[PDB]
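Colleague: experimental structure and sequence below.
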Amino acid sequence: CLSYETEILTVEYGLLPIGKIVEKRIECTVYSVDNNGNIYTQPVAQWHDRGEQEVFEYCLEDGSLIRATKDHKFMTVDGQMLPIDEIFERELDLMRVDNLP
Amino acid sequence: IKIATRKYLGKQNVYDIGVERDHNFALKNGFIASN
């Protein structure tokens, strides 16, 4: 689970805070990555207000911050989906697309 | 890209969105978040 302000890239609107997306049930199209690393687009098919949970702030090398729950999986450079806390503990590298749109 | 540090924030409102194909999506800088 991700904090309110974490921004998601939408085709129609650009970057939106997931909190706003969820709490307004915003229908929008987002970008996903392939089994083989191809980028494509698809619609959001579900919306979850999870309520309150324990959140950590993970500061990245580039100044980016991710505020999430420990278990929240992110894509590694090797293409695996691993909980961000384990990525942090194991000093693993996050995949970063750079060429989304 | 590496995660430099980690700090606790306490409880706060959190969220998830759903996607039907490859259950992931992109965030601001090109990070790929699950769900």
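Modeller: That came through, no problem. Numbers count the residues shown, from 1 in each chain, chains lettered A, B, ... in the order given.
Colleague: quick one: the residue at the greatest distance from the centre of chain A from chain B, how far?
Modeller: Distance from the centre of chain A peaks at residue A:90, with 19.4 Å (CA atoms, centre = their mean). Per CB to the nearest CB, to the nearest Å, residue A:90 is found 10 Å from chain B. C-beta: built from backbone N, CA, C; applies to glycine.
Colleague: wait, what's in contact with that residue?
Modeller: Contact criterion CB atoms under 8 Å, 6 or more residues apart in numbering or on different chains gives no residues in contact with residue A:90.
Colleague: the strands in the chain, which residues?
Modeller: You didn't say which chain, so I picked chain A. Remark: strands assigned in chain A by DSSP state E are A:2-3, A:7-10, A:14-17, A:29-33, A:39-43, A:46-60, A:65-68, A:73-75, A:81-83.
Colleague: wrong one, I was asking about chain B
Modeller: Under DSSP E, chain B gives strands at B:3-18, B:24-26, B:32-34.
Colleague: just checking: what are the partner strands of the first one?
Modeller: Strand B:3-18 sits in its sheet next to strand A:2-3 (antiparallel), strand A:46-60 (antiparallel), going by DSSP bridges.
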